[PDB]
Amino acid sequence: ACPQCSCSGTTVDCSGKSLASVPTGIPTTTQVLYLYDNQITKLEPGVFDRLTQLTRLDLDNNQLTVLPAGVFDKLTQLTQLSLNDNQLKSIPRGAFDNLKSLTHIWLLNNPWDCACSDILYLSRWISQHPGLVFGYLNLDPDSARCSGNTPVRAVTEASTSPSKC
């Protein structure tokens, strides 16, 4: 079943619907899931676990404050992930480790908290995958910037502390 969303084949378009939450009952056949331009702050843990066919997941332009750990762990076919234009401070340790098909991720325009050692995962990950990180127009791994705005990948690491979290 299609969820306030419009579905056409394996595309589920829930964009621009003032949604405060990800609709339940997204079909497991879904390949393209648009959730951008909404008012989502929190995700249900495990919300995408059955969506093993996903190729694109657009979460940009929401109010996301945190991601659940493991939230992308089953998405082994995901090629494009947009997380820009949210309120994220860090990425859970290991969150992208299973994303073996990833070719484009957008991370910019989030208030990354580089003073907290929780940032080290994301900083190290961007450092190893600069060719995957896009800005609004093209490749731009420096576009993920520390709040207050050195690039997250350039965080030296004596800058951070578990105490400033």
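Don't overthink the numbering: it's just position in the shown sequence, from 1.
Asker: Residues without coordinates, deposited sequence, stretch from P3 to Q4: is the count none, 1 to 3, 4 to 9, or 10 or more?
Answerer: The entry has 1 to 3 unmodelled residues between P3 and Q4.
Asker: What size is the break between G148 and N149 in terms of deposited sequence residues left without coordinates: none, 1 to 3, 4 to 9, or 10 or more?
Answerer: The entry has a short gap there, with 1 to 3 residues left out between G148 and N149.
Asker: Per the entry, where is the mean C-alpha temperature factor higher: 113 to 121 or 30 to 38?
Answerer: Taking the mean B-factor of the alpha carbons in each, 113 to 121 is higher.
Asker: When the Cα temperature factors in the entry are averaged, is it 69 to 77 or 82 to 90 that ends up higher?
Answerer: If you average the C-alpha B-factors of 82 to 90 and of 69 to 77, the larger mean comes out for 69 to 77.
Asker: Taking the values exactly as deposited, rank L54 by C-alpha B-factor within its chain and report the matching third: lowest, middle or highest.
Answerer: Ranked within chain, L54 CA B lands in the middle tercile.
Asker: Is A154 in the lowest, middle or highest third of its chain when residues are ranked by C-alpha B-factor?
Answerer: Highest third.
Asker: In terms of the CA temperature factor given in the entry, to which third of its chain does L99 belong: lowest, middle or highest?
Answerer: Highest third, going by the recorded CA B-factors of the chain.
Asker: Looking at the entry's B-factor column for C-alpha atoms only, identify whether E44 ranks in the lowest, middle or highest third of its chain.
Answerer: Middle third of the chain for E44's C-alpha B-factor.
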